[PDB]
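*Asks:* opening piece of a complex, kept in its complex position:
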Amino acid sequence: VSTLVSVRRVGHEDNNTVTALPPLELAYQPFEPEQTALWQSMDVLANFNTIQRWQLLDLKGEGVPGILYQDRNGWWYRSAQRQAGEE
Amino acid sequence: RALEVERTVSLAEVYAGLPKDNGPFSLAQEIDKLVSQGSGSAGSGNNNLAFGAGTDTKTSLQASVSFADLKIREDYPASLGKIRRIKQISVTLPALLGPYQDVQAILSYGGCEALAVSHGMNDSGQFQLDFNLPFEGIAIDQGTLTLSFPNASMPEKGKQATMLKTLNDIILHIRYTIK
Amino acid sequence: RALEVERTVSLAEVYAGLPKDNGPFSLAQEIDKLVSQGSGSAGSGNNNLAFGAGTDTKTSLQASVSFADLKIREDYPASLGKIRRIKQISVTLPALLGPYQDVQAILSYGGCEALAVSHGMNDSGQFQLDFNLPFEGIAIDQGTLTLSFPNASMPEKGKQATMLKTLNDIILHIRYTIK
């Protein structure tokens, strides 16, 4: 991507000089995945398996994927929620 | 070798497509009406939806249909053959079931005349279906095919009174042979 | 043991590649022209799309093809064997079906001379295609194979007439042996 990082208004005098304003400068959120890549254990998803009938998808709408296990008679769901603990 | 034909009959399109003398009706609206009150009727003749008549069937909702009005003989010309008889009938019930519930239904005929429905997904009556049968050899013209749902009364607090509220149509897969 | 070969034959590819002397046509355009009117014709000889001729088949569209003009004998050299007889033919119809509709079609050769197409997706006429058959042993370079669609007249209110408007092709899965 190209990101617009600096806009400046410049006036030019006739005696080959410059009348300049201080620039409006803009900063963007960076994508440096080589440094900030963090690995974390995932024990929340116990017995999740693509060999059996599990799925990361969202029912109920709700925009964040749940965990659906589906037998031929009943379906078992785990809706995504909020940890009340720390963050 | 027989001409081996599979025919799909929707009971809502049969009941609503009745002639106006006998009285057509919505299937899902009359099932919601018959189950919610004690008993009643919907339709006329052999294309009806009524309750049971006998003992220990008065809480059962029975959906009868007539083979002569399904007009299966017009699907192919009569120059192919006139020996048109049923090989196998299976029935799919698209409903909304509970967490671990089943469907109970008995497909009868006026021994190989009965057939129990257990899950309603192309449901033959058999544990494994082997062509190596119920309703086999019944002609596609004469007869009356009844699907009886036991425990279907909500005043009598039947267990199937909630599944039939979610039922929108009844689908029969008729396999028959022309020879 | 034979050379067991499968050949996929597309009738729109056959009808559009006739010689200009024989009057080629498009299968997709000519169906919804013949369905929308009562009856007409297409092509000439045995590679013709036309309504039926006999009693109770006049409201039935027939798509005939000739085995001699498919040129299946030139697919393999004549030193591998000079008899090439049909083992099994399946029909695939790229069409659109309704909510509970089926396909009514008869593949015939001019009980093992006919077949009844029901679902139209790799559709042999059997309930279980057991190889332990119709059209078995018909020589690949002689004869006429036709496919009749009953109730195909839209002025006569055919139930199969709206499926044929969407019918883009007729696919034939000819399995034959070179032995």
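*Replies:* That came through fine. Numbers count the residues shown, from 1 in each chain, chains lettered A, B, ... in the order given.
*Asks:* and residue A:27, how far from residue A:7?
*Replies:* As judged by C-beta to C-beta, to the nearest Å, residue A:27 and residue A:7 stand 13 Å apart. From N, CA and C alone the C-beta is placed, and that goes for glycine too.
*Asks:* quick one, which of those two is more surrounded?
*Replies:* Regarding residue A:27 and residue A:7, a neighbour count based on other C-beta atoms under 10 Å in any protein chain shown identifies residue A:7 as having more, with 10 against 7.
*Asks:* I figured that one hits residue A:23, correct?
*Replies:* Yes. Between residue A:7 and residue A:23 there is a contact under C-beta atoms under 8 Å: 6.4 Å.
*Asks:* tell me which helix or strand the most centrally placed residue in chain B sits in.
*Replies:* Nearest residue to the geometric centre of chain B (C-alpha atoms, centre = their mean): residue B:147, 4.3 Å. If you go by DSSP states H and E, residue B:147 is part of strand B:144-149.
*Asks:* elements contacting that strand?
*Replies:* strand B:61-66, strand B:105-109 (3 or more C-beta pairs under 8 Å, 6 or more residues apart in numbering or on different chains; DSSP states H and E).
*Asks:* burial measure for the closest residue to chain C within chain A, as a count.
*Replies:* Relative to chain C, the nearest point of chain A is residue A:72 (24.0 Å; C-beta to the nearest C-beta). By the measure other C-beta under 10 Å, the count of residues near residue A:72 is 8.
*Asks:* could you measure it against residue B:97, distance?
*Replies:* For residue A:72, the distance to residue B:97 - C-beta to C-beta - is 11 Å.
*Asks:* leaving out sequence neighbours, find the closest residue to the residue lying farthest from the centre of chain B.
*Replies:* No residue in chain B sits farther from the centre than residue B:79, which is 29.4 Å out by C-alpha atoms, centre = their mean. Of all residues not flanking residue B:79 in the chain, residue C:56 sits nearest, at 5.8 Å (C-beta to C-beta, 6 or more residues apart in numbering or on different chains).
*Asks:* following sequence is chain D, place it on the structure:
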Amino acid sequence: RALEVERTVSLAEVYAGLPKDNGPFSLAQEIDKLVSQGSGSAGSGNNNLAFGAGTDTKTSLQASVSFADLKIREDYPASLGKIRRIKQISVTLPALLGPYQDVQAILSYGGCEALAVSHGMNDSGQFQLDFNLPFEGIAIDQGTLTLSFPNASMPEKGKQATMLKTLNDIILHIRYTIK
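*Replies:* Adding chain D to the chains above:
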């Protein structure tokens, strides 16, 4: 009660791996060259790529391979059985055919000596393969296996000349027993 082993053999890796006293070649580029012109060969000995020699065969692009130069006997020690013979061979022609297309190819050996490849995706020469066969008992060391594609020369307007330029590799799924 034998050791039943399946070995997948890719024929482009064989032709790329001949020592350059016999002459290696890439299968995809030499097929495009030998189809576009009429004549031509590739490789040498029994691991060659040439045209047919006999009558009605000189437009068949033939791809041969030697059983001794596969070295299938080097995959297991000789201490567990010296008697290694073929149970079945299947052919895959990867990334060649569309959904309703067919290929004409004969896998032979120098009626259980030949095998017709038709769809080319784990393709045995059988309509319904039953293990209870062609090449059953051919020794692992000895012989040549030839895959011949009829109608494969482009100056003679072969029907397989356009599709053979798409061919990337030829895969053999050899299933043999060590007893």
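*Asks:* ok so, going back, quick one: the strand holding residue B:147 to chain centroid distance?
*Replies:* The chain centroid and the centroid of strand B:144-149 are separated by 5 Å under C-alpha atoms, centre = their mean, to the nearest Å.
*Asks:* about what we covered before: contact partners for the residue nearest to the centre of chain B?
*Replies:* By C-beta atoms under 8 Å, 6 or more residues apart in numbering or on different chains, the residues touching residue B:147 are B:11, B:62-64, B:91, B:105-108, B:117, B:170.
*Asks:* of those, which is the nearest to chain D?
*Replies:* Comparing the contacts of residue B:147 against chain D with C-beta to the nearest C-beta places residue B:91 closest, at 30.9 Å.
*Asks:* just say helix, strand or coil for that closest one.
*Replies:* Under DSSP: H, G, I helix; E, B strand; the rest coil, residue B:91 falls in the strand class.
*Asks:* tally of neighbours for the closest residue to chain B within chain A?
*Replies:* Residue nearest to chain B within chain A: residue A:74 (4.4 Å; C-beta to the nearest C-beta). For residue A:74, the neighbour count with other C-beta under 10 Å is 12.
*Asks:* can you pull the buried residues of stretch B:125-132?
*Replies:* The neighbour-count check on stretch B:125-132 (16 or more other C-beta atoms under 10 Å in any protein chain shown) flags residue B:125 as buried.
*Asks:* count of neighbours near the residue of chain A found nearest chain D?
*Replies:* Taking C-beta to the nearest C-beta, chain D has its nearest neighbour within chain A at residue A:51, 22.3 Å off. Residue A:51 has 5 neighbours, counted by other C-beta under 10 Å.
*Asks:* tell me the secondary structure at it.
*Replies:* coil.
*Asks:* now it: how far from residue C:158?
*Replies:* 49 Å.
*Asks:* what angle separates the strand holding residue B:147 from strand B:105-109?
*Replies:* With axes from the mean of the first three to the mean of the last three C-alpha atoms, to 10 degrees defining the directions, strand B:144-149 sits at 160 degrees from strand B:105-109.
*Asks:* drop chain E onto that structure:
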Amino acid sequence: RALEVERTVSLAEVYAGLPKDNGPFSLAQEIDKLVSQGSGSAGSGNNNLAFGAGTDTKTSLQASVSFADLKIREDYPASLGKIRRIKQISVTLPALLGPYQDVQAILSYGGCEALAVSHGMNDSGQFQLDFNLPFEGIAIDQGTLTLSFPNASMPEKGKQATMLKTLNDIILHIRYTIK
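*Replies:* Below is chain E, added to the chains above:
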């Protein structure tokens, strides 16, 4: 009749679970150590991993395990029976295979004592597993099960040397009956 039992045994969990007097180890860390070096050993007694000592198997990584150390007889009470013998054993090899690559492995016992693993994913040695067998009737206490990997040396340029680096575990699907 018999209690038809299935049991999944990880050789990485057996080799890690050895007592400290018997030298436990990580399976993939010693497989990579022994393949890269060409010789060496791991473990003690019957639960060892080494190259074969005989001729023609000097370059063959073999992974042995004792049936008495799998502790299968403690999985069910002794009141159920004592006739506890193997019906069938299949092997799962969770490695990284190529697009058309195969695993060469012989599962032995010290023609129904050996088994050839060829695709390594729920692999029984048969072309078709039919219960209507190797290692059948072997008791679940006596014996030693060995999985030998031919051509498993990087100094001697084995064709399976880089395959075995990716191998994480040797998973056995032991089916046995309690009569």
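*Asks:* back to the buried residues of stretch B:125-132, now that we've got chain E?
*Replies:* Those would be residue B:125, for stretch B:125-132 by 16+ other C-beta under 10 Å.
*Asks:* next one: it to chain centre, how far?
*Replies:* So, by C-alpha atoms, centre = their mean, the centroid of stretch B:125-132 is 19 Å from its chain's centroid.
*Asks:* likewise stretch A:60-78?
*Replies:* Its chain's C-alpha centre and that of stretch A:60-78 lie 23 Å apart, by C-alpha atoms, centre = their mean.
*Asks:* over to stretch B:39-52?
*Replies:* 13 Å.
*Asks:* for it, list every residue counted as buried.
*Replies:* Buried residues in stretch B:39-52 (16+ other C-beta under 10 Å): B:39, B:42-43, B:46-52.
*Asks:* contacts only, for the nearest residue to residue B:1 once chain neighbours are set aside.
*Replies:* In space, and not counting its chain neighbours, residue B:1 is closest to residue C:111: 3.4 Å by C-beta to C-beta, 6+ apart. Residues near residue C:111 by C-beta under 8 Å, 6+ apart: B:1-2, B:179, C:134.
*Asks:* what's the most distant pair in these?
*Replies:* Spatial extent of the contacts of residue C:111 (C-beta to C-beta) is set by the pair B:179 and C:134 at 12.4 Å.
*Asks:* in chain B, what residue comes closest to chain D?
*Replies:* Evaluated by C-beta to the nearest C-beta, chain B has residue B:132 as its residue closest to chain D, separated by 15.8 Å.
*Asks:* now that residue: how far from chain C?
*Replies:* Separation of residue B:132 from chain C (C-beta to the nearest C-beta, to the nearest Å): 8 Å.
*Asks:* helix or strand: which one has that residue?
*Replies:* Going by DSSP H and E, residue B:132 is not part of any helix or strand.
*Asks:* interface residues of chain B facing chain D?
*Replies:* Within chain B, no position is near chain D by C-beta under 8 Å from any C-beta of the partner chain.
*Asks:* longest helix in chain B, by residue count?
*Replies:* The longest helix of chain B (DSSP state H) is helix B:27-36.
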